[PDB]
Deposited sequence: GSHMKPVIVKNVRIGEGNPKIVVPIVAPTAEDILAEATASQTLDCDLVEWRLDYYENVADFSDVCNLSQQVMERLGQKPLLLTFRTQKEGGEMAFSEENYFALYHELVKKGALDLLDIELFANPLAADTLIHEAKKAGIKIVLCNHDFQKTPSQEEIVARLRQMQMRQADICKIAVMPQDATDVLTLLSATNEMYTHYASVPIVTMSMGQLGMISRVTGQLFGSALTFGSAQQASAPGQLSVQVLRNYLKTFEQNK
């Protein structure tokens, strides 16, 4: 169980994550302040939405102001790359340079790193982040399709092998079978291979059940904009 600011990720009910996707600084701070009265456990600031994300110092400073308003909720920072659903084109070099800077002079508790990004660069980044006390979330997103159950499991297993603190995968269902594929992949990974927390979801309207069944099948985080209030309520209903 990964413990950050008293939030026990990988224990009890799935912890709730709200994303900030606002593009202006002013709205990003407002929504951070708003999280203080939202029924969630942590906050993900999505970097690839931020209009000034190419200014790495602006981002580091802004990250400080966001943290100050979070009422001691963990702050996850994520630059989702374009090939996995992200908002903007970004060179690999800028991808790793931004993260290295946040690690040095930014505020954050967890760092999102895509499994498929340049591993040599990513591994070096991982150790620099961990040294700073940042928890690592390795992750993969397929927004077009659902890989086979074995491939989802293999990807989750490769993240754990790369010393992820938390392994995450999101896949896009095209029918109800794909949702089962994701749910089963989640169950197999969790019961048989996982010794760190894992996070999975089947995206879209078809995969929505995957966002409230985390306790049953072994998914330790769920993301809420399903809204965060409905999410907590639904988690309690399906609580084991």
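- Positions of the deposited sequence absent from the coordinates, in order: 1-5, 231-239, 255-256.
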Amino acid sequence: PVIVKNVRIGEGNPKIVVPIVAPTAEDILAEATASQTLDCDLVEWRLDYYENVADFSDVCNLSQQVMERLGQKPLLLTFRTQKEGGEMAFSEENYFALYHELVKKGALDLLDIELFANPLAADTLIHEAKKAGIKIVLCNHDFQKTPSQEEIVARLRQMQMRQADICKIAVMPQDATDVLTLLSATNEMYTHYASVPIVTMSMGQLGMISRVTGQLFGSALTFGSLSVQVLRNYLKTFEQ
From here on, numbers count along this sequence of modelled residues.
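- Of the two segments, 85-93 and 110-118, the one listed with the higher mean B-factor is 85-93 (C-alpha atoms only).
- When 195-203 is weighed against 30-38, 30-38 comes out higher, by mean CA B-factor as recorded in the entry.
- For the set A185, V171, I209, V66, the PDB entry puts the maximum C-alpha B factor at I209.
- Across the options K130, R157, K105, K73, the residue with the most elevated CA B-factor in the record is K105.
- In this PDB entry, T146 carries a Cα temperature factor that places it within the highest third of its chain's modelled residues.
- Among the modelled residues of its chain, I9 has a C-alpha B-factor that falls in the middle third, as given in the PDB entry.
- When the modelled residues of the chain are ordered by C-alpha B-factor, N52 sits in the highest third.
- For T181, the recorded CA B-factor ranks within the highest third of the chain. Only modelled residues enter the ranking.
- Split the chain's modelled residues into thirds by C-alpha temperature factor. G218 is in the lowest one.
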